[PDB]
Every structure is written in structure tokens, then in C-alpha cells.
Amino acid sequence: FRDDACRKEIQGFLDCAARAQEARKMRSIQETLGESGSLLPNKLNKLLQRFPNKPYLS
Amino acid sequence: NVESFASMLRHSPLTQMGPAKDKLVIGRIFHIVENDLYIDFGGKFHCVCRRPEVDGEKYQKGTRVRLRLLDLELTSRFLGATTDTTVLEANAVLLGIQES
């Protein structure tokens, strides 16, 4: 447990943490704001409520 | 000797056209919202085709285009419904400008 002989290994673990931290921030915000692939329930339920299913007669 | 309605329907272009599936028709752009174009082609509903990238500028109101119709009215019935769901529009593919 000496930090003078394992300096190279620590940087790998350090630099990674920095990159990983940024990805978490980028992923959370971008997914909701960004429109990729499938829509979100909140926007998809506004589309299903415009064309409601009618299992009754009127 | 007044023409009846049964004679109009027999000799009308739509009736003789037959199934719209893969039929070349001529449309008229009547409303444009950004790239999307709203096109009438002698049917009950319009089609909403997107502006072609190659020559977008030429597609203004009045421009007459060529379409390859698929449906005259997009309908489908889904699980539990008692009637069909209609989006009040036709499906067609834009094939460019009618070069008169």
C-alpha cells in the first residue's frame, strides 16, 4: 500500500472516474431532451389519448 | 333527360381508376408547413409528403406533383375497438414535379 510505486495504476483508475462521471451527467440529461428511437411514455400517452380505444358504442 | 347519379359514379375517374394501390396520380400542393407538404389529388383526403432534399425550392403552393398512391384513407382496427381508427389522410409517395 505505497502510492509511490503504483502511480501509473492509480491514474488509470483516476482518469476513468473522471470520464465515467461525465458520461453519467451527459446520459441522464440527453436521453430525456434528445429524441432517439422510441418516444417516452409522457409524450406517447398524449398520442394514445387522441385516438382512444372504444370498447363501447355511441 | 337529366343525368342521374348512377351514371356519374360509373363514368367518374376515381371509379374507373380502380384500386389506388400503386397508381400514378397528379396532386396539387395547397398548404405547406415547414418541409411537410399537404397535397390534394382528387380524393376525399389529402396526403402529407415531405419536401425532397434535392429540389426543395420548387415545391411551393400550386406546384403540381406526381404521386404513387398506396391508400386513399389510412385506417386500422386495434385490440378492443368497436370501430376503425382513421388518421384522416391518405398514404402516397412523392415522385417529383409534373413537368408539363
# chains A, B, ... in the order shown; residues from 1 in each chain; ligands from 1

$ closest_atom_pairs --of "chain A" --to "chain B" --cutoff "8 Å" --atoms "only C-alpha atoms" --output "JSON lines"
{"residue": "A:51", "atom": "CA", "partner": "B:85", "partner_atom": "CA", "distance": 7.2}
{"residue": "A:53", "atom": "CA", "partner": "B:81", "partner_atom": "CA", "distance": 5.3}
{"residue": "A:54", "atom": "CA", "partner": "B:81", "partner_atom": "CA", "distance": 4.7}
{"residue": "A:55", "atom": "CA", "partner": "B:81", "partner_atom": "CA", "distance": 4.9}
{"residue": "A:56", "atom": "CA", "partner": "B:82", "partner_atom": "CA", "distance": 6.6}
{"residue": "A:57", "atom": "CA", "partner": "B:82", "partner_atom": "CA", "distance": 7.0}

$ write_last_selection --atoms "N, CA, C and O atoms" --output "PDB file, in the first residue's frame"
ATOM      1  N   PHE A  51     -56.483   9.221 -29.851  1.00  0.00           N
ATOM      2  CA  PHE A  51     -57.129   8.138 -30.584  1.00  0.00           C
ATOM      3  C   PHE A  51     -57.489   7.062 -29.572  1.00  0.00           C
ATOM      4  O   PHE A  51     -56.956   5.947 -29.610  1.00  0.00           O
ATOM      5  N   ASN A  53     -59.195   4.053 -27.483  1.00  0.00           N
ATOM      6  CA  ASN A  53     -59.816   2.793 -27.852  1.00  0.00           C
ATOM      7  C   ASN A  53     -61.260   2.810 -27.378  1.00  0.00           C
ATOM      8  O   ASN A  53     -61.538   3.166 -26.228  1.00  0.00           O
ATOM      9  N   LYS A  54     -62.178   2.442 -28.265  1.00  0.00           N
ATOM     10  CA  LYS A  54     -63.602   2.478 -27.950  1.00  0.00           C
ATOM     11  C   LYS A  54     -64.147   1.062 -27.835  1.00  0.00           C
ATOM     12  O   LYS A  54     -64.446   0.427 -28.858  1.00  0.00           O
ATOM     13  N   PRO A  55     -64.291   0.518 -26.627  1.00  0.00           N
ATOM     14  CA  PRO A  55     -64.908  -0.803 -26.481  1.00  0.00           C
ATOM     15  C   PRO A  55     -66.392  -0.697 -26.184  1.00  0.00           C
ATOM     16  O   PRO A  55     -67.014  -1.640 -25.689  1.00  0.00           O
ATOM     17  N   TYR A  56     -66.967   0.462 -26.491  1.00  0.00           N
ATOM     18  CA  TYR A  56     -68.377   0.727 -26.282  1.00  0.00           C
ATOM     19  C   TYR A  56     -68.940   1.330 -27.558  1.00  0.00           C
ATOM     20  O   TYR A  56     -68.202   1.672 -28.483  1.00  0.00           O
ATOM     21  N   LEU A  57     -70.261   1.432 -27.610  1.00  0.00           N
ATOM     22  CA  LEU A  57     -70.957   2.032 -28.736  1.00  0.00           C
ATOM     23  C   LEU A  57     -71.499   3.400 -28.344  1.00  0.00           C
ATOM     24  O   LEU A  57     -71.868   3.638 -27.192  1.00  0.00           O
TER      25      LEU A  57
END

$ select_by_dssp --residues "chain B" --states "alpha helix (DSSP H)" --output "list in words"
residues 5, 6, 7, 8, 9, 10, 11, 13, 14, 15, 16 and 17 of chain B

$ atom_distance --atom1 "CA of residue 21 (chain B)" --atom2 "CA of residue 71 (chain B)"
6.3 Å

$ residues_around --residues "residue 27 (chain B)" --least-positions-apart "3" --cutoff "8 Å" --atoms "only C-alpha atoms" --output "ChimeraX atom specification"
/B:39-42,64-67

$ residues_around --residues "residue 50 (chain B)" --least-positions-apart "6" --cutoff "6 Å" --atoms "only C-alpha atoms" --output "list in words"
residues 35, 36 and 37 of chain B

$ atom_distance --atom1 "CA of residue 13 (chain B)" --atom2 "CA of residue 44 (chain B)"
13.5 Å

$ select_by_dssp --residues "region 69-99 of chain B" --states "strand (DSSP E or B)" --output "count of residues only"
15
